[PDB]
Every structure is written in structure tokens, then in C-alpha cells.
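Participant:
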Amino acid sequence: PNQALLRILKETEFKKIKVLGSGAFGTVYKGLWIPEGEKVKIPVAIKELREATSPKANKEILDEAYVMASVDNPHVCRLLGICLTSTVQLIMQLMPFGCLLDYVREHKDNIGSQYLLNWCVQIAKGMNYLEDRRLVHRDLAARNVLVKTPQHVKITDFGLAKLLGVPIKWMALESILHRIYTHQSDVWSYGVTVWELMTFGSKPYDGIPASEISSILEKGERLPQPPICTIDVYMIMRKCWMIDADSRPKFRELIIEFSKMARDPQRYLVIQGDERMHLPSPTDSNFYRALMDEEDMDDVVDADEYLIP
Amino acid sequence: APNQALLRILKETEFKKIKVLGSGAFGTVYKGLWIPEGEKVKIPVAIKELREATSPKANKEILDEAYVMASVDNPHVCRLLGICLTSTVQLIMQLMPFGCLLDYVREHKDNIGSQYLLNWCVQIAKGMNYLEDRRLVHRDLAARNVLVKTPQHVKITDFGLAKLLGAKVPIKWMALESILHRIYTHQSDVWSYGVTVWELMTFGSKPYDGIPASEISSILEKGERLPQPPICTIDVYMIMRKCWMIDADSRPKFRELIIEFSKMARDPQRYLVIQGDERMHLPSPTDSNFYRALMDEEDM
Ligand SMILES: Nc1ncnc2c1ncn2[C@@H]1O[C@H](COP(=O)(O)OP(=O)(O)NP(=O)(O)O)[C@@H](O)[C@H]1O
Ligand SMILES: O=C1c2cc(F)ccc2Nc2ccccc2N1Cc1ccccc1
Ligand SMILES: O=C1c2cc(F)ccc2Nc2ccccc2N1Cc1ccccc1
Ligand SMILES: Nc1ncnc2c1ncn2[C@@H]1O[C@H](COP(=O)(O)O)[C@@H](O)[C@H]1O
Ligand SMILES: [Mg+2]
Ligand SMILES: [Mg+2]
Ligand SMILES: [Mg+2]
């Protein structure tokens, strides 16, 4: 590992301020980092694991943590630091905009086709990067995509489930039945995630008990077409849910298809009031970026630095 | 022709000043919040409210300059982000919580090592060189006019402001030709750079302390210069003294300065002699990756 990537924190260095929420494995807090010998308090997100862990368990966590800290893509969150208290605490960048699911729900009457397609493209790019890095997520869902700015979303919480090993309604059939997790299983989760966005944050299979999901999937039942979706979008979602995992789309393919659609969004999504929705603008984008989202957003191949000696 | 997309024109409704951070010759600086339309998140910003109200005709001039200020693109130069054409004009830029370098060095007077000091010198030279490349003269380079993004990363600020608005006069930082003839050039900026380095090397001491400002050009004309700081090896002092040569063209160029300081930054304890330097905190990759990820994601 490159160890310098993951900061090992003293307990004295940071403080938990307010619970943001809880998930399967821990509780996430808004918090502050207090650099030693400095006056400044820097906002951070802190996760505290639910169960206390032994040193040997901690070693496993730490070793995985180095890999999580090694990610470098604009569409993927990086794990920044760890504090090895009895109950392990982890540190990452704080996203004031919160998770994408909460955002789409909160903005459900004010989100247009351009943003939705753009997010689909971005999530694919992030997932593609994880695939290239041989990292399986296992918990991709709308709750697990963070909004850096409304124009910029990032994948989060990859690797956590394997480490501390159930989001049944996001899981590929082979995963539920046999505990097989692959990139192709992540693709299934991606389809569900897109369905969540397209429905402005509806719950999938709402009212159907999780224990019963594998049964319906086996009979060929799937999530229905969201009203805003043309068949072109819905067909991709259906492909994500094919039984033959190798038959599902690749993230690399998804990036291209969603990118094509994003060039003519109203052709592909039919949304009430779309004609009057806010669209991402350069002056606006440049402003957000200059203030609090400075990272290079270009694909590696399109970056100024790609070929620059 | 500046890309106007680089400067955001703000409505007074978009943002608000929340707290005073400091002040300068031309305005007062606040911590502010920008609230994006249709959002509930508040985004911290820095806002400078100009001291004097301006006309609509003057505002065109300010605005014209602002486009230029917005067009800078260098890791060591601050970029103007936005403007609001209120009766007293307000300008917006990124909040830098660490404040200015001069205050920082004064506050950390007893725990700053040679590596940081030399690195700051290099970075300031880099921003100045960039300003030169852009054909921009600062006119007010000083340690107070360098902001700290993180302790490892500093950025030049307030370039062009004095030319735009000026009718306070930093005599103790000014090249002789500037004092005598109001001539400002990249080369006069170089003189100011030398003073700025002296400020850092003294941990924020005041240049020419005990000498009134009206008397400075006299002493300069007679060959007096700022003394060697006790931490500086003669090698460092020679570069500073070069910055203050009467003949502006004899003075080093920023691009030269980048090279000399970078050399020194390679073996810092050779060039600066600091008590307990061996025990001072050093910039480390770990501290740097964490700081960058939290608060300094710009390409370097
Ligand atoms: N870096 C972050 N910044 C701001 N909010 C965050 C951040 N990370 C997580 N959250 C929020 O914190 C809460 C908890 O996250 P989390 O523990 O991952 O549970 P979850 O996403 O709801 N379910 P799951 O990830 O499947 O276990 C959620 O409200 C998240 O939206
Ligand atoms: O919780 C983890 C985590 C913990 C772990 F031991 C292994 C993998 C993980 N995935 C992950 C991957 C990339 C970024 C962040 C995370 N986060 C979320 C988070 C961390 C810290 C604070 C709040 C939320
Ligand atoms: O105040 C200016 C400024 C105003 C102006 F009308 C002309 C040139 C300027 N220089 C400058 C150049 C590059 C970046 C920032 C600035 N800043 C500092 C600042 C601006 C806005 C808020 C706080 C501080
Ligand atoms: N972008 C900024 N972020 C935080 N503080 C700033 C910023 N700009 C200026 N300041 C502070 O305000 C003081 C005066 O600014 P100025 O008027 O430009 O001289 C500086 O010394 C800093 O303390
Ligand atoms: Mg969790
Ligand atoms: Mg989560
Ligand atoms: Mg001022």
C-alpha cells in the first residue's frame, strides 16, 4: 500500500458534532478535524463502527483501509483516515449536499432530464474505475452515491460489506442465492440505482418483504418502467437485470450509452416541467468548483495533462 | 479577451456577509455564505466590501479589471470569483481559513522550520512568475498579501488592486524607482519580493523599524538596505540584496528566483540556520494528502 494515503488519527485530533445517519455497519457524523498546533477547524465526515473490534479485526480493517484510500477518480470517494479506537472511526470528506437519494427526493419537482442522465453517466464512470481497480462494491445504491455538488456525484461505501461481512433489493440474483459478488453483480445494483433516480427516490419493490425477493426474480419479475423513461432507458435497466451475468452491460459500455443520451436528454426522459428545469451552466459550474470542488473533472484521456511531458 | 464565464455576477440575495475577517487599504473582508438558488446548503466564501462607494461609470472599470482577475489560473495565485455591483461594491473569492502568511508566521514564530520557509519562498516566486507571464504587475507584494491555503500551500493575493483603486502606500516595500517616479514593473515587484522574503526570514519583523516612511528613499539612495536575518546564511542574504539593486534590470527575475530557492529547498538546513530545526515539524506526504483531500484539491 501507499501508507501516506491513509492518515492515522489521534483521538485528540477530531470531534464528532452531529449524527447524520446510520447504515448497516455504523453511524456517520458531521465532525471537525483540528490540526495539531493550528487554530482552524476543518469539517469532516466520521463513521463510527457499531461493534467494537479486536486488534486482529482492526488489522484486517486497516489493511483494507489502505486500498480504499488509494482510489483516485473524480467519481469515486476516497477514504482519508482512520482512528483505531475500540470502536473504529473512519474519516472522509464531508458532503453538505448529502446522498443522492435524499437529494432527488428533496428536489423531486425541480430535477430535469439533463441532471438525471449526467448522474447516470457519472455513476458509470465511477463504477468503471472501481472495475478497472478490481474493486467490487457490493452495496451500490442511490444512498451510496454522494452529491459533491448538484453537477457532480461520487460513489461511496465500496468494500465495506465484504470487510465486515443485506441490501437484498439491490443485489443480483446470484448474490442473493450464492453469495457471488462480481462487477457484473454491481451492474445489477447499478440498474436498481438508476431506477431509483428515475423514480425520484421511490423504494424498489416497496411492500415486498426482502426474504421474498429471490422468488419473484426467479419467475422473471422485475422493477417496472418508471413513467419518465422512454424504452431506450428502460431497456438498459432490464439488461442490467439479466440472469446471465456476462450478458449484462459493462460499465464501460454504459458510460458511452448514457453519454449519448445526455447529448439529447428530452429525447430519452419525459419529465413534467422539463422545459423549465434548471440546467447546469458554466458560470455556475465554475463558481461551485472554484469554491469547493476544485478536483479535475476531465476523463483521463481528455485531461490537459494526458500527453504532457 | 477574458472569458466572462470566469466571473460570476452575483445578486445581493445570493449571499451574505456573516463575520469580519480583516481589513486592508481598500476594503473590509468578511466570511460569507453563498446560497445557491433552489438549495438549502450554505457555501462559505470570502467577501471584500470596498471602502468607498463607486459610480456606475467607475463600476464599468472595476468590472473590466475583475474579468482579468478572474482569468488567472495558477496554483500559487488567488483567483477572483464573483462580484456584486452594490453601491459599495462587493467582490467574492475562495475562503482561506488560515489567513495571511504574515500573521501565520508571527503566530508560529517559534515552530517554523527551514523547509517550510524555503518552500514558501519558492511558491511565492512561482506565483509572481505567473503574474509576469500574464503581464500583470502586482504593486503591493508583501507577506500580508500572501494567503495560506494550507501550511504547505500559499497563494498570492491583492495583485492589481492598488492600480485599480489607488489614489495606502507601502513605502517600506517599494522599489526606489517606484518611490521616486511612480514606476511600477515586474522588476519593482522583484524588490518587493525581496522584502517579503525578509519578512518571512525574520518571522514577521517590520522592515526598517525605527525609520519613518518619508525618510526611506534617502537611506536607499545612500545604499542602506535591510539587515541580514540571523537565520540566513550569506547565500540567502545575497539573493535578497540582489533584489534591491538600484538598477532594476540587474535584479534577479522571478524565473531565476524559482530556481535558486528550489535548489535551497532541496537541502534547507544548509541555507537556513534555525535553533532546533532538527525537531521542527516537516511537511510530510501523509499530512499533505489529508489536507489536500479535505481542503485543497486543486492540481499542483
Ligand atoms: N461523506 C458524507 N457526507 C455527508 N453525509 C454522509 C457522508 N457519508 C455518509 N453520509 C450520510 O450518513 C448517513 C449514513 O451513511 P451510511 O452509514 O453509509 O448508511 P446508508 O447509506 O444509509 N446505508 P448503507 O450504506 O447501505 O449501509 C446517510 O445519511 C448518508 O447519507
Ligand atoms: O465506511 C466506509 C468504509 C470503511 C471501511 F473500513 C472500508 C471501506 C469503506 N468504504 C468507503 C470507501 C471510500 C470512501 C469512504 C468509505 N466509507 C464511508 C465513510 C467513511 C468515513 C466516514 C464516513 C463514511
Ligand atoms: O480584493 C481583491 C481585488 C479587488 C479588485 F477590485 C481588483 C484586484 C483584486 N486583487 C485580487 C486578485 C485575485 C484574487 C483576489 C483579489 N482580491 C482580494 C479579495 C477579493 C475578494 C474577496 C476577498 C479578497
Ligand atoms: N480569501 C480570504 N480568506 C480568508 N481571509 C482573507 C481572505 N482574503 C483576505 N483575508 C483576510 O483579510 C485580511 C485583509 O485582506 P485584504 O483587504 O485583502 O488586505 C487578510 O489579512 C486576511 O486576514
Ligand atoms: Mg454503514
Ligand atoms: Mg451508505
Ligand atoms: Mg484591501
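Chains as they are written, first to last, in our numbering: chain E, 16 to 324; chain L, -14 to 285.
Here a beta-carbon is modelled for each residue, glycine too, at the ideal position from N, C-alpha and C.
Does the beta-carbon distance from L:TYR89 to L:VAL133 come in below 7 Å?
Facilitator: yes
Participant: Spatial neighbours of E:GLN18 within its chain, please: CB distance less than 8 Å, with the 5 preceding and 5 following residues excluded, ordered by chain position.
Facilitator: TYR81
Participant: Note down, in chain order, every chain E residue with its Cβ under 7 Å from the Cβ of L:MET280.
Facilitator: Per Cβ cutoff of 7 Å: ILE57.
Participant: Kindly list the residues whose CB is nearer than 8 Å to the CB of E:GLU53, restricted to its own chain and excluding five residues on each side of it in sequence; keep chain order.
Facilitator: none
Participant: For a contact defined as C-beta to C-beta under 7 Å, what are the partners of L:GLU283 on chain E?
Facilitator: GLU309
Participant: Identify each residue in the segment 17 to 44 of chain E for which the Cβ-Cβ distance to at least one residue of chain L is less than 7 Å, and report them in chain order.
Facilitator: Residues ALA19, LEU20 and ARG22.
Participant: At which residues does the alpha helix (DSSP H) containing L:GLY189 begin and terminate?
Facilitator: Careful: L:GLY189 lies outside any alpha helix (DSSP H) and carries neither H nor E.
Participant: Below 8 Å, how does it come out for the segment 46 to 64 of chain E and the segment 130 to 146 of chain E: are there three or more Cβ pairs, yes or no?
Facilitator: The count of Cβ pairs closer than 8 Å, one atom from the segment 46 to 64 of chain E and one from the segment 130 to 146 of chain E, stays below three, leaving the stretches out of contact.
Participant: Going by DSSP, which residues form a beta bridge with E:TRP48?
Facilitator: In DSSP, E:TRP48 forms a bridge with E:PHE29 and E:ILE57.
Participant: Which chain E residues sit within Cβ distance under 8 Å of L:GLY23?
Facilitator: Ordered by position in chain E, the residues that pass the 8 Å Cβ test against L:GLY23 are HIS122, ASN125 and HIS293.
Participant: Compute the Euclidean distance between the alpha carbons of L:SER40 and L:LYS148, then round it to the nearest angstrom.
Facilitator: Per the coordinates, the alpha-carbon of L:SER40 lies some 17 Å from the alpha-carbon of L:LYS148.
Participant: Looking at chain B, is there any beta carbon in it that lies within less than 7 Å of the beta carbon of L:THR142?
Facilitator: Annotation note: the requested chain B is absent from the structure, which comprises protein chains E and L.
Participant: Along the segment 57 to 73 of chain L, what residues have a CB closer than 9 Å to any CB found in chain E?
Facilitator: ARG64, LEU66 and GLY67
Participant: In this structure, what does DSSP give as the bridge partners for L:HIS138?
Facilitator: L:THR135
Participant: If you measure beta-carbon to beta-carbon, which residues of the segment 185 to 217 of chain E are closer than 8 Å to chain L?
Facilitator: none
Participant: From E:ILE243 to E:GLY235, what distance separates their C-alpha atoms?
Facilitator: Whole-angstrom Cα-Cα distance: 23 Å.
Participant: Report yes if the CB atom of E:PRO219 is closer than 7 Å to the CB atom of E:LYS184, and no otherwise.
Facilitator: Yes; because the gap between Cβ atoms is below 7 Å, this pair is in contact.
Participant: Straight-line CA distance for E:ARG120 to E:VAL43?
Facilitator: 20 Å
Participant: Would E:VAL55 and L:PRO82 qualify as a contact pair, given that the criterion is a beta-carbon distance under 7 Å?
Facilitator: yes
Participant: Less than 7 Å separating the beta-carbons of L:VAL131 and L:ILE141?
Facilitator: yes
Participant: From L:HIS171, L:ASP143 and L:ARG119, pick the residue whose C-alpha is nearest to that of L:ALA(-14); which is it?
Facilitator: L:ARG119
Participant: Going along the chain, which residues put their C-beta within less than 6 Å of some heavy atom in ligand 5?
Facilitator: Per the Cβ criterion, the list is E:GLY38, E:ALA39, E:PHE40 and E:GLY41.
Participant: If I follow the unbroken beta strand (DSSP E) through E:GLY96, where does it start and stop?
Facilitator: 96 to 98
Participant: Look up L:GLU34 in the DSSP assignment and give the residues it is bridged to.
Facilitator: In the DSSP output, where bridge partners are listed per residue, L:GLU34 has L:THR13 and L:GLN75.
Participant: Quick check on DSSP: helix, strand or coil for E:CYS92?
Facilitator: coil
Participant: Check whether the Cβ atoms of L:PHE246 and L:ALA110 lie closer than 7 Å to each other.
Facilitator: yes
Participant: Considering only their Cβ atoms, is the gap separating E:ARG158 from E:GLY96 smaller than 7 Å?
Facilitator: no
Participant: Using only the alpha-carbon positions, how far apart do L:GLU206 and L:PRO197 sit?
Facilitator: 15 Å
Participant: Start and end of the alpha helix (DSSP H) containing E:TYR196?
Facilitator: Element bounds for E:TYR196: n/a, residue is neither H nor E.
Participant: What is the DSSP secondary structure of E:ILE270, reduced to helix, strand or coil?
Facilitator: helix
Participant: Identify which residue in L:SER56, L:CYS69 and L:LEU121 has its Cα closest to the Cα of L:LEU(-9).
Facilitator: L:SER56
Participant: If the cut is a Cβ gap below 9 Å, which residues of chain L does E:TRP48 touch?
Facilitator: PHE275 and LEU279
Participant: Thinking C-alpha only, which one of E:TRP203, E:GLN287, E:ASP201 and E:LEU94 is nearest E:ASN125?
Facilitator: E:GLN287
Participant: Along the alpha helix (DSSP H) that carries E:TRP134, what are the first and last residues, could you check?
Facilitator: Per DSSP, E:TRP134 belongs to the alpha helix (DSSP H) from 128 to 147.
Participant: Do L:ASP174 and L:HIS123 come within 7 Å of each other at the CB atom, strictly closer than that value?
Facilitator: yes
Participant: Going by CA-CA distance only, name the one from E:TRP203, E:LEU192 and E:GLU310 that's closest to residue 389 of chain E.
Facilitator: Outside the modelled stretch of chain E, which goes from 16 to 324, sits residue 389 of chain E, for which no answer is possible.
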